[PDB]
Amino acid sequence: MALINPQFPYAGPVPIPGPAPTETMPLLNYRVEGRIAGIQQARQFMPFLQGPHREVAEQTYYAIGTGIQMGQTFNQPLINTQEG
Amino acid sequence: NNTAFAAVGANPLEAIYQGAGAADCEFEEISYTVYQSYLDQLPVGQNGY
């Protein structure tokens, strides 16, 4: 967006020496076929386990029984003959 | 007689007596008695105690 100087104008570009025209043109680089080499193993001996863990520990229980329940020799009360 | 007498310098943690004459100290009798404290005559209701 330059302003044209009317007192000192200039013309378009003139030819100048050039950079040997084939040396600015590249070759198209020619890929050969390739292979991810080797026979891959199916599994890996991992350093960490792959499953979930638990944040807190919960107390577990198992039921037990008591035993054969016996009789008893109670201390027996007195007879309510109007004193009680 | 090994754990109840400690010589001067040894750890008197489980010992009872400690002193210079502790190498010859002997027990004679360690008579003991056990008393059981329990609750008798449990309230049997239906299906047992």
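Residues numbered from 1 in each chain as written, not as in the entry; some residues may be left out. Chains lettered and ligands numbered in written order. Part of a larger assembly, values for the part shown. Heavy atoms only, no water.

The deposited coordinates, according to the entry record, derive from cryo-EM at 2.75 Å resolution.

1. Overview of the overall build of chain B
Check the secondary structure of chain B and you find 0 helices and 2 strands. Principal-axis analysis of the C-alpha atoms places the extent of chain B at approximately 65 × 20 × 10 Å. The contacts of chain B with a sequence gap of at least 6 include a subset with a gap of at least 24, amounting to 10%. Carbon and sulfur atoms make up 50% of the accessible area of chain B, which totals about 4900 Å². (Helix = DSSP H or I, 4+ residues; strand = E, 2+ residues; numbered from the N terminus. Contact = heavy atoms within 4.5 Å. Areas by Shrake-Rupley, 256 points an atom, 1.4 Å probe, with all protein chains shown as cover.)

2. Overview of the overall build of chain A
Within chain A one finds 0 helices and 0 strands. Taken over the C-alpha trace, chain A has a radius of gyration of 52 Å; the compact-globule value for 84 residues is 12 Å, which it surpasses by more than 25%. For chain A, the accessible surface area stands at approximately 10900 Å², while carbon and sulfur atoms represent 59% of it. Taking the average location of the 4 positive side-chain charges in chain A and that of its 5 negative ones, the two points are 21 Å from each other. (Rg over C-alpha atoms; globule rule 2.2 N^0.38 Å. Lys, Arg positive; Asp, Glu negative; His and termini not counted. Charge placed at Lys NZ, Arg CZ, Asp CG, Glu CD.)

3. Here we look at a negative patch on the surface
Taken together, B:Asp24, B:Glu26, B:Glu28 and B:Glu29 make up a surface patch of like negative charges. Its place among the elements puts B:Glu29 in the segment after strand 2 (17-18). (Patch = residues over 30% accessible without salt bridge, like charges linked within 9 Å, V, L, I, M, F, W, Y side chains within 5 Å. Salt bridge = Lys/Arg side-chain N within 4 Å of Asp/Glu carboxyl O.)

4. So, the interface of chain A and chain B
Taken together, the 6 residues of chain A in the interface contact 6 residues of chain B. Summed over the three residues of chain A that lose the most area to chain B, namely A:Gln69, A:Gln72 and A:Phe74, the buried surface amounts to 75% of that side. On inspection of chain A and its partner chain B, the count reaches 0 salt bridges. Our count for the contact surface shared by chain A and chain B stands at 2 residue pairs in polar contact. A class-by-class count of the residues in the side of chain A that touches chain B yields 2 nonpolar, 4 polar and no charged. (Buried area = accessible area lost by both parts, 1.4 Å probe. Polar contact = N/O pair within 3.5 Å; in protein donor to acceptor, adjacent residues only side chain to side chain. Nonpolar A, V, L, I, M, F, W, Y, C, P; charged D, E, K, R; others polar.)

5. What about the packing of aromatic side chains?
Residues and elements named next belong to chain B. Under the counting rule described, the total for this entry stands at 1 aromatic pair over all chains. On the numbers, 5.6 Å between centres and 45° between planes, the contact of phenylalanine 5 with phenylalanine 27 is tilted. With a gap of 22 residues between them, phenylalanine 5 in strand 1 (residues 5-6) and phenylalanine 27 in the segment after strand 2 connect regions that are remote in the sequence. Exposure remark for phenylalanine 5: the relative accessible area of 15% places this residue in the buried category. (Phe/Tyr/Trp six-rings, centres within 6.5 Å; stacked < 30°, edge-to-face > 60°. Buried < 20%, exposed > 50% of the residue type's maximum accessible area, 1.4 Å probe, protein only.)

6. Section: unusual backbone geometry
With a phi angle near 75°, A:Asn29 is a residue other than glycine that sits in the positive phi range. The phi dihedral of A:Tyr30 falls on the positive side, at around 55°, and the residue is not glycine.

7. Digging into a nonpolar patch on the surface
Judged by side-chain polarity, A:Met70, A:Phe74, B:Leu39, B:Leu42, B:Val44 and B:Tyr49 come together as a nonpolar surface patch covering roughly 650 Å² of accessible area. Here A:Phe74 falls in the partly exposed class, since its relative accessible area comes to 44%.

8. Thoughts on the environment of B:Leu42
Along the chain, the position of B:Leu42 falls in the segment after strand 2. Taking relative accessible area as the criterion, B:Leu42 reaches 31% and is therefore assigned partly exposed. In contact with B:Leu42, not counting residues within four places along its chain, are A:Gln72, A:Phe74 and B:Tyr49.

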